[PDB]
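J.: Right, I'll just put the structure down here and ask away after.
There are 2 protein chains.
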Amino acid sequence: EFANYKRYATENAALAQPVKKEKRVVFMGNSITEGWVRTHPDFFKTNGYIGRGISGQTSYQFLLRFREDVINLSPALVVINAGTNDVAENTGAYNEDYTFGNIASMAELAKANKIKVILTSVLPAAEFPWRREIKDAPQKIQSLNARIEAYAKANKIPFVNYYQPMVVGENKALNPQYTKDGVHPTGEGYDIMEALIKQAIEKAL
Amino acid sequence: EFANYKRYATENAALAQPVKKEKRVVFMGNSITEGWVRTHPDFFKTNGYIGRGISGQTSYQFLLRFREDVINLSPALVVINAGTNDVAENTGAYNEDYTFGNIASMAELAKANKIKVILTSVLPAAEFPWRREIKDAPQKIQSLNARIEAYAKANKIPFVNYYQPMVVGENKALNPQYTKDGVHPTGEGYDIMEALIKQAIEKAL
Numbered sequence: 032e033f034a035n036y037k038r039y040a041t042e043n044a045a046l047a048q049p050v051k052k053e054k055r056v057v058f059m060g061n062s063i064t065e066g067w068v069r070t071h072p073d074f075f076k077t078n079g080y081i082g083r084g085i086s087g088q089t090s091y092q093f094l095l096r097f098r099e100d101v102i103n104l105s106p107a108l109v110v111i112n113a114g115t116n117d118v119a120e121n122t123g124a125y126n127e128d129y130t131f132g133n134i135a136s137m138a139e140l141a142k143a144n145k146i147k148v149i150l151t152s153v154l155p156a157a158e159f160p161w162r163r164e165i166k167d168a169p170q171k172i173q174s175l176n177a178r179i180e181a182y183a184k185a186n187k188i189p190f191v192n193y194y195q196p197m198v199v200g201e202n203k204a205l206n207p208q209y210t211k212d213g214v215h216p217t218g219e220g221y222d223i224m225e226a227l228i229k230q231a232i233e234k235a236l
Numbered sequence: 032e033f034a035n036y037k038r039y040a041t042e043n044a045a046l047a048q049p050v051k052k053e054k055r056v057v058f059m060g061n062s063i064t065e066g067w068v069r070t071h072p073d074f075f076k077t078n079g080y081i082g083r084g085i086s087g088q089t090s091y092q093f094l095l096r097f098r099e100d101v102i103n104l105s106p107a108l109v110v111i112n113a114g115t116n117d118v119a120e121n122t123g124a125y126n127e128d129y130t131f132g133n134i135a136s137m138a139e140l141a142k143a144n145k146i147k148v149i150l151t152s153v154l155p156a157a158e159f160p161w162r163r164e165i166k167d168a169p170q171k172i173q174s175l176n177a178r179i180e181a182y183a184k185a186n187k188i189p190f191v192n193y194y195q196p197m198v199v200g201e202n203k204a205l206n207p208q209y210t211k212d213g214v215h216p217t218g219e220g221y222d223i224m225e226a227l228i229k230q231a232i233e234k235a236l
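These protein sequence lines are chains A and A', in that order. A prime marks a further copy of an entry chain. For what it's worth, PDB author numbering labels the leading residue of the first sequence as 32, then goes sequentially. For what it's worth, PDB author numbering labels the leading residue of the second sequence as 32, then goes sequentially.
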């Protein structure tokens with residue numbers, strides 16, 4: 032229930048077993064990844080990328096559905112975007128050790144199953160509209176991102192920094208040019224992300 | 032909350048960083064493993080084994096606390112006993128693919144972190160006293176055990192079969208000589224388990 036295996040169960044079963052030449056790519060994420068597919072479906076169709084994002088989910092939920100929504104899809108590569116809802120405390124108090132640990136566990140599971148990994152930055156957010164009591168999201172996001180990047184460097188995992196071209200000001204907000212609500216990217220925001228992730232995927236394969 | 036990181040958080044933090052010569056061993060399980068430490072504390076003390084069992088937990092909860100209660104303890108080896116509460120439906124409907132997948136994910140995480148793994152049989156149970164509506168626990172336990180054993184054979188992981196010397200009759204019950212409630216082993220039951228697991232641990236190290 033909690034992991035929401037039901038969301039992609041029918042679609043996973045409907046997916047044919049892949050061949051190595053089709054270079055299957057799976058995107059693991061929350062609303063930023065589920066919304067990516069909804070907003071620019073042609074980016075995923077054109078490039079042969081599979082979206083496995085679920086709105087509101089944390090890295091805890093990602094870890095539990097990781098074997099079903101990634102490993103069992105036999106992809107050549109997985110993109111992992113995780114942490115936004117963890118900092119927003121969607122499933123409990125925020126603990127960087129646990130959230131980072133879940134990202135490292137997913138990276139380790141994918142590599143154990145001979146799947147290439149691309150780690151990514153949690154997008155900047157000055158605050159979360161669904162939980163405005165959290166006042167230190169920029170500090171938490173910045174600390175989690177440096178930990179993800181250091182772990183990626185230590186394990187020769189490509190790290191895609193969506194955060195660096197998307198952040199603005201002292202409050203470390205998501206650039207208003209790329210968002211309307213300060214968390215979710217608009218089409219213009221997704222265009223920045225697309226250029227970076229397409230390039231990193233193509234370099235790895 | 033759900034994974035119950037709080038149960039062993041203080042004890043994990045209190046554990047000194049190990050040296051390779053101390054051959055740290057961690058036992059991952061449910062009430063059968065938590066009760067093992069309570070009943071025969073000297074077996075764990077004498078052999079330098081660390082118990083990380085939590086009563087009532089399923090493989091879903093094990094997977095979420097696996098990095099904190101196993102990986103971060105830097106053990107030379109982990110023993111995994113998982114499935115009893117999954118068949119008892121303690122956290123949801125029973126799904127062998129998901130439960131087996133969680134055991135395989137834990138085995139893969141441990142091997143990714145250079146930790147040896149010992150996989151084990153779910154103990155026989157004719158029924159669960161806390162959920163007697165489940166009438167097909169013997170079929171489910173037998174199927175999950177053969178899947179665990181086949182996966183262990185395919186990956187050269189030692190498999191410890193507690194089930195085979197402990198099972199009796201057509202209803203595949205836990206031998207009354209080793210239990211009072213039909214699920215939890217008595218001291219005599221634990222003695223069978225101790226001889227098997229001590230031997231397998233010593234052979235692997």
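Cβ coordinates follow ideal geometry from the N, Cα and C atoms, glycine included.
Mind listing, in chain order, the continuous beta strand (DSSP E) runs of no fewer than 3 residues lying wholly within the region 112 to 200 of chain A'?
T.: Qualifying beta strand (DSSP E) stretches, in chain order: 147 to 151.
J.: Check the DSSP bridge columns for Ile81/A and list the partner residues they point to.
T.: Looking at the DSSP assignment, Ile81/A forms a beta bridge with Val57/A.
J.: Are three or more beta carbon pairs between the region 111 to 124 of chain A' and the region 74 to 83 of chain A' nearer than 8 Å?
T.: The answer is no - the region 74 to 83 of chain A' does not touch the region 111 to 124 of chain A', with fewer than three Cβ pairs under 8 Å.
J.: Where do the N-terminal and C-terminal ends of the alpha helix (DSSP H) with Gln48/A fall, by residue?
T.: Element bounds for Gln48/A: n/a, residue is neither H nor E.
J.: So, is the C-beta of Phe75/A' closer than 8 Å to a C-beta in chain A?
T.: No, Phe75/A' does not count as interfacial toward chain A.
J.: In terms of alpha-carbon separation, which member of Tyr209/A', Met59/A', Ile232/A' lies closest to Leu95/A'?
T.: If we check each option's Cα against that of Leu95/A', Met59/A' comes out closest.
J.: My understanding is that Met137/A' touches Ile111/A', with C-beta atoms under 8 Å, so please give their C-beta distance in whole angstroms.
T.: Contact holds; Cβ gap of about 6 Å.
J.: Can you give me the C-alpha to C-alpha distance between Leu46/A' and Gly66/A', rounded to a whole angstrom?
T.: Approximately 21 Å between the Cα atoms of the pair.
J.: So, under 8 Å CB-CB, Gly84/A' and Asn121/A' are touching, yes? Tell me the CB distance rounded to an integer number of Å.
T.: Between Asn121/A' and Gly84/A' the Cβ distance is about 14 Å, and since that is not below 8 Å, they are no contact.
J.: In the DSSP assignment, find the alpha helix (DSSP H) that holds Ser62/A' and state where it starts and stops.
T.: Counting along the chain, the alpha helix (DSSP H) containing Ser62/A' begins and ends at 62 to 70.
J.: Quick check on this structure: which residue in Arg178/A, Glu225/A, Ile146/A has the alpha carbon closest to the alpha carbon of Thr64/A?
T.: Ranking the options by Cα distance to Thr64/A, first place goes to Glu225/A.
J.: Roughly how far, in whole angstroms, is the beta-carbon of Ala168/A from the beta-carbon of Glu158/A, given that I think they are within contact range, below 8 Å?
T.: At roughly 6 Å, the Cβ-Cβ gap stays under 8 Å, so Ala168/A and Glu158/A are in contact.
J.: For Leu140/A, does the count of other Cβ atoms within 10 angstroms reach 16, so buried, or fall short, so exposed?
T.: The residue in question, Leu140/A, is buried, as its Cβ has 16 or more Cβ neighbours within 10 Å.
J.: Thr130/A': buried (16+ other C-beta within 10 angstroms of its C-beta) or exposed?
T.: So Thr130/A' ends up on the buried side.
J.: Under the three-state reduction of DSSP, which class applies to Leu108/A': helix, strand or coil?
T.: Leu108/A': strand per DSSP, three-state reduction.
J.: Using a Cβ-Cβ cutoff of less than 6 Å, which residues in the same chain neighbour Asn144/A' once the five nearest sequence positions on both sides are dropped?
T.: Result list for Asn144/A': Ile102, in chain order.
J.: Note down the Cα distance separating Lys142/A from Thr41/A', rounded to an integer number of angstroms.
T.: About 31 Å.
J.: Kindly give me the distance between the Cβ atoms of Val191/A and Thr151/A, rounded to whole angstroms, as I take these residues to be in contact under 8 Å.
T.: The pair is a contact, with the Cβ atoms about 5 Å apart (cut-off 8 Å).
J.: Run through chain A' and tell me which residues come within less than 7 Å of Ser86/A, C-beta to C-beta.
T.: Going along chain A', no residue has its Cβ under 7 Å from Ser86/A, so there is no contact; the nearest lies around 20 Å.
J.: Under 8 Å Cβ-Cβ, which residues of chain A neighbour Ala143/A'?
T.: Within 8 Å Cβ-Cβ: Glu139, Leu140, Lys142, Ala143.
J.: On the DSSP bridge list, what partners appear for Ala40/A'?
T.: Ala40/A' is not bridged to any residue.
J.: If we define contact as Cβ-Cβ less than 8 Å, is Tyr91/A a contact residue for chain A'?
T.: Chain A', which has a Cβ nearer than 8 Å to the Cβ of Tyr91/A, makes this yes.
J.: Examine chain A' for any beta-carbon lying closer than 8 Å to the beta-carbon of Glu201/A, and answer yes or no.
T.: No, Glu201/A does not count as interfacial toward chain A'.
J.: Using only the alpha-carbon positions, how far apart do residue 245/A' and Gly132/A sit?
T.: Residue 245/A' lies beyond the residue range present for chain A', which begins at 32 and ends at 236; the question has no answer from this structure.
J.: Looking at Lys147/A and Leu108/A, is the spacing between their C-beta atoms short of 8 Å?
T.: Yes, they are a contact pair.
J.: In the DSSP assignment, find the unbroken alpha helix (DSSP H) run with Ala231/A in it and report its ends.
T.: Looking at the DSSP string, the run of the alpha helix (DSSP H) that includes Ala231/A is 218 to 235.
J.: Applying the criterion that 16 or more other CB atoms from any shown protein chain within 10 Å of the CB defines a buried residue, is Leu236/A buried or exposed?
T.: Result: exposed.
J.: Does any C-beta atom of chain A' lie closer than 8 Å to the C-beta of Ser136/A?
T.: Interface residue, yes.
J.: Does the beta carbon of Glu32/A sit closer than 8 Å to a beta carbon anywhere in chain A'?
T.: Output row for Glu32/A: interface = yes.
J.: Closer than 8 Å, CB to CB, is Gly132/A near chain A' or not?
T.: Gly132/A counts as touching chain A'.
J.: What residues in the region 34 to 66 of chain A' bring their beta carbon closer than 9 Å to a beta carbon of chain A?
T.: Answer in chain order: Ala34, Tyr36.
J.: Going by DSSP, name the residue or residues bridged to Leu205/A'.
T.: Beta-bridge pairing links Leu205/A' to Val198/A'.
J.: Which residues of chain A have a Cβ atom closer than 7 Å to the Cβ of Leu108/A', listed in chain order?
T.: The contacting residues do not exist; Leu108/A' stays about 17 Å from chain A at best.
J.: Only counting the same chain, and skipping five residues up and downstream in sequence, which positions put a Cβ closer than 6 Å to that of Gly220/A?
T.: Within the same chain, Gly220/A has close Cβ partners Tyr209, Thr210.
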